[PDB]
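The chain below stands alone, shown as C-alpha coordinates; this is the form deposited in one PDB entry.
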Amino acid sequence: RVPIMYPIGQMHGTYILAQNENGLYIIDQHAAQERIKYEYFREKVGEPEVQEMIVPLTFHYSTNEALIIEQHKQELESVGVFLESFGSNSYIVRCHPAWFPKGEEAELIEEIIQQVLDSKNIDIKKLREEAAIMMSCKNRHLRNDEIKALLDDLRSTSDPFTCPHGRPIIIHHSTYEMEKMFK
(Lines give C-alpha, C1' and ligand atoms only; values in the text may rest on other atoms or scores of the structure.)
Protein backbone atom coordinates (compact mmCIF):
# COMPACT_ATOMS: atom_id res chain seq x y z
CA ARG A 1 0.00 0.00 0.00
CA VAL A 2 1.51 3.31 -1.19
CA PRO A 3 0.57 6.66 0.41
CA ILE A 4 -1.61 8.97 -1.65
CA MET A 5 0.28 12.13 -2.55
CA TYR A 6 -0.91 15.25 -4.34
CA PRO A 7 1.04 16.95 -7.18
CA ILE A 8 2.81 20.24 -6.55
CA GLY A 9 4.26 20.38 -10.05
CA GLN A 10 7.33 19.23 -11.97
CA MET A 11 10.69 20.49 -13.24
CA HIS A 12 12.98 19.99 -16.24
CA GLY A 13 10.49 17.41 -17.49
CA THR A 14 12.40 14.86 -15.43
CA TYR A 15 11.40 15.29 -11.79
CA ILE A 16 7.94 15.28 -10.23
CA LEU A 17 7.17 17.01 -6.94
CA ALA A 18 4.29 15.87 -4.76
CA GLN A 19 3.28 16.09 -1.12
CA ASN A 20 1.03 14.86 1.65
CA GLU A 21 0.82 15.19 5.44
CA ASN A 22 4.02 13.12 5.71
CA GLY A 23 6.07 15.62 3.75
CA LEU A 24 7.69 15.98 0.34
CA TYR A 25 8.03 13.33 -2.35
CA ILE A 26 10.25 13.52 -5.42
CA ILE A 27 9.79 11.10 -8.31
CA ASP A 28 11.80 10.35 -11.44
CA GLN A 29 8.97 10.53 -13.95
CA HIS A 30 10.83 8.52 -16.58
CA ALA A 31 11.88 5.83 -14.11
CA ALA A 32 8.27 5.66 -12.91
CA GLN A 33 6.94 5.33 -16.46
CA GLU A 34 9.43 2.53 -17.11
CA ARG A 35 8.40 0.61 -13.98
CA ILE A 36 4.78 0.97 -15.07
CA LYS A 37 5.33 -0.06 -18.68
CA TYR A 38 7.60 -2.86 -17.48
CA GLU A 39 4.96 -4.56 -15.36
CA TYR A 40 2.66 -4.34 -18.37
CA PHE A 41 5.00 -6.08 -20.83
CA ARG A 42 6.43 -8.39 -18.18
CA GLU A 43 2.96 -9.89 -17.83
CA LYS A 44 2.21 -9.94 -21.55
CA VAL A 45 5.46 -11.88 -21.96
CA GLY A 46 4.60 -14.40 -19.25
CA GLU A 47 1.66 -15.67 -21.31
CA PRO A 48 -0.82 -15.67 -27.37
CA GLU A 49 -2.44 -12.86 -29.37
CA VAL A 50 -0.46 -13.14 -32.61
CA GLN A 51 -0.97 -11.03 -35.71
CA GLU A 52 0.62 -11.01 -39.16
CA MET A 53 3.49 -8.66 -40.01
CA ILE A 54 2.59 -6.16 -42.72
CA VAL A 55 6.25 -6.25 -43.73
CA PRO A 56 7.76 -9.66 -42.80
CA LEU A 57 11.46 -9.89 -42.01
CA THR A 58 14.34 -11.99 -43.35
CA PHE A 59 17.44 -12.58 -41.24
CA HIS A 60 20.84 -13.83 -42.39
CA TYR A 61 23.25 -15.09 -39.75
CA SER A 62 26.60 -16.85 -39.66
CA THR A 63 26.62 -20.59 -39.05
CA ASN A 64 27.41 -19.97 -35.39
CA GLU A 65 24.63 -17.47 -34.80
CA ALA A 66 22.00 -19.60 -36.53
CA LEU A 67 22.96 -22.38 -34.12
CA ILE A 68 22.57 -20.26 -30.98
CA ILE A 69 19.15 -19.27 -32.32
CA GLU A 70 18.09 -22.92 -32.69
CA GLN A 71 19.19 -23.54 -29.08
CA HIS A 72 16.91 -20.73 -27.90
CA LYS A 73 13.96 -21.06 -30.30
CA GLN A 74 11.51 -21.85 -27.48
CA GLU A 75 12.88 -19.05 -25.30
CA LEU A 76 12.53 -16.62 -28.21
CA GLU A 77 8.89 -17.53 -28.85
CA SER A 78 8.22 -17.01 -25.14
CA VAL A 79 8.95 -13.30 -25.63
CA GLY A 80 7.14 -13.08 -28.96
CA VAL A 81 9.91 -13.75 -31.45
CA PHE A 82 8.77 -16.39 -33.91
CA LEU A 83 11.67 -17.24 -36.21
CA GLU A 84 10.85 -19.53 -39.13
CA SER A 85 13.59 -21.52 -40.86
CA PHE A 86 14.34 -20.07 -44.29
CA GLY A 87 17.19 -22.24 -45.54
CA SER A 88 20.58 -22.73 -43.93
CA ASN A 89 21.61 -19.96 -41.52
CA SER A 90 18.52 -17.89 -42.38
CA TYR A 91 15.14 -17.15 -40.81
CA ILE A 92 11.90 -15.34 -41.60
CA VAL A 93 9.48 -13.57 -39.28
CA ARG A 94 5.94 -13.41 -40.64
CA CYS A 95 4.10 -12.72 -37.39
CA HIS A 96 4.36 -11.35 -33.85
CA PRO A 97 2.31 -10.56 -30.72
CA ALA A 98 -0.43 -7.96 -31.18
CA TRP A 99 0.68 -6.18 -28.00
CA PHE A 100 4.07 -5.36 -29.52
CA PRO A 101 4.69 -1.58 -29.73
CA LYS A 102 3.17 -0.53 -33.07
CA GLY A 103 5.58 0.71 -35.73
CA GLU A 104 8.57 -0.70 -33.85
CA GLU A 105 8.07 -4.46 -34.20
CA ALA A 106 11.03 -4.90 -36.57
CA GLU A 107 13.63 -3.08 -34.47
CA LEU A 108 12.50 -4.80 -31.27
CA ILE A 109 12.48 -8.29 -32.77
CA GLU A 110 16.01 -7.76 -34.06
CA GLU A 111 17.11 -6.34 -30.69
CA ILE A 112 15.74 -9.33 -28.79
CA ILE A 113 17.54 -11.75 -31.09
CA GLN A 114 20.73 -9.71 -30.72
CA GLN A 115 20.51 -10.09 -26.93
CA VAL A 116 20.43 -13.88 -27.32
CA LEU A 117 23.38 -13.89 -29.72
CA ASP A 118 25.29 -11.48 -27.47
CA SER A 119 24.70 -13.74 -24.47
CA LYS A 120 25.31 -17.08 -26.24
CA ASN A 121 23.61 -18.75 -23.28
CA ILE A 122 20.56 -17.11 -21.71
CA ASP A 123 17.85 -18.43 -19.40
CA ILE A 124 14.15 -17.85 -20.08
CA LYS A 125 13.62 -16.02 -16.79
CA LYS A 126 16.38 -13.60 -17.81
CA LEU A 127 15.25 -13.25 -21.43
CA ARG A 128 11.67 -12.53 -20.37
CA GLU A 129 12.92 -9.75 -18.11
CA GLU A 130 15.41 -8.33 -20.63
CA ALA A 131 12.80 -8.43 -23.39
CA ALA A 132 10.13 -6.78 -21.23
CA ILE A 133 12.62 -4.02 -20.42
CA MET A 134 13.42 -3.43 -24.11
CA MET A 135 9.67 -3.08 -24.60
CA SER A 136 9.49 -0.57 -21.73
CA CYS A 137 12.13 1.68 -23.31
CA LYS A 138 10.10 1.94 -26.51
CA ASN A 139 11.54 14.86 -21.62
CA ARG A 140 7.84 15.68 -21.75
CA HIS A 141 6.56 18.27 -19.27
CA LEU A 142 3.45 17.06 -17.45
CA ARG A 143 0.43 18.94 -16.13
CA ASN A 144 -0.63 18.28 -12.55
CA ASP A 145 -3.48 16.02 -13.66
CA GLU A 146 -1.08 13.98 -15.79
CA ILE A 147 1.11 13.72 -12.71
CA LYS A 148 -1.79 12.58 -10.52
CA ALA A 149 -2.66 9.86 -13.03
CA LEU A 150 0.99 8.84 -13.25
CA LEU A 151 1.37 8.57 -9.46
CA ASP A 152 -1.84 6.56 -9.23
CA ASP A 153 -0.63 4.12 -11.86
CA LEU A 154 2.71 3.87 -10.05
CA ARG A 155 1.07 3.23 -6.67
CA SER A 156 -0.61 0.13 -8.11
CA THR A 157 2.58 -1.56 -9.38
CA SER A 158 4.16 -4.43 -7.45
CA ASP A 159 7.38 -2.46 -6.95
CA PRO A 160 6.63 1.31 -6.87
CA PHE A 161 9.88 2.29 -5.13
CA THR A 162 12.40 0.67 -7.49
CA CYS A 163 12.78 0.66 -11.28
CA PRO A 164 13.47 -2.53 -13.31
CA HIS A 165 17.20 -1.77 -12.97
CA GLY A 166 17.27 -1.25 -9.20
CA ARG A 167 17.32 2.56 -9.23
CA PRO A 168 15.16 4.38 -6.63
CA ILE A 169 12.00 5.97 -8.07
CA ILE A 170 10.62 7.94 -5.12
CA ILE A 171 12.66 10.05 -2.68
CA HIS A 172 10.91 11.28 0.46
CA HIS A 173 11.63 14.16 2.86
CA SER A 174 9.37 14.04 5.90
CA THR A 175 8.12 17.09 7.80
CA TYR A 176 10.87 16.50 10.37
CA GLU A 177 13.76 15.97 7.94
CA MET A 178 12.77 19.24 6.29
CA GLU A 179 12.51 21.21 9.53
CA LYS A 180 15.88 19.72 10.43
CA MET A 181 17.72 21.05 7.37
CA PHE A 182 16.22 24.51 8.01
CA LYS A 183 17.28 24.67 11.67
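Note that the rigid core is defined as the largest set of C-alphas that superpose within 1.5 Å between two forms. Residues carry their position along the shown sequence, with the first being 1. Only residues modelled in both forms are compared.
Per the record, residue 47 and residue 48 are separated by 1 to 3 deposited residues that are missing from the model. Per the record, residue 138 and residue 139 are separated by 4 to 9 deposited residues that are missing from the model. The question of which stretch, 48-56 or 27-35, has the higher mean Cα B factor is settled in favour of 48-56.
Looking at 85-93 and 70-78 together, the entry lists the larger mean B-factor for 85-93, computed on C-alpha atoms. Residue 42: CA B factor in the lowest third of modelled residues in this chain (values from the PDB entry). Among the modelled residues of its chain, residue 142 has a C-alpha B-factor that falls in the highest third according to the deposited record. Among all modelled residues in its chain, residue 10 ranks in the middle third by Cα B-factor. The entry lists a Cα temperature factor for residue 22 that places it in the highest third of the chain's modelled residues.
Another form exists, deposited in another entry; not displayed. Remarks below refer to it.
Relative to the superposed rigid core, the position of the CA of residue 149 differs between the shown form and the other one by 2 Å or more. Once the rigid core is overlaid between the shown form and the other one, residue 27 counts among the residues whose Cα shifts by 2 Å or more. Core-superposed comparison between the shown form and the other one places the runs of three or more consecutive residues whose CA atoms all shift by 2 angstroms or more at 3-31, 139-149, 161-183, listed in sequence order.
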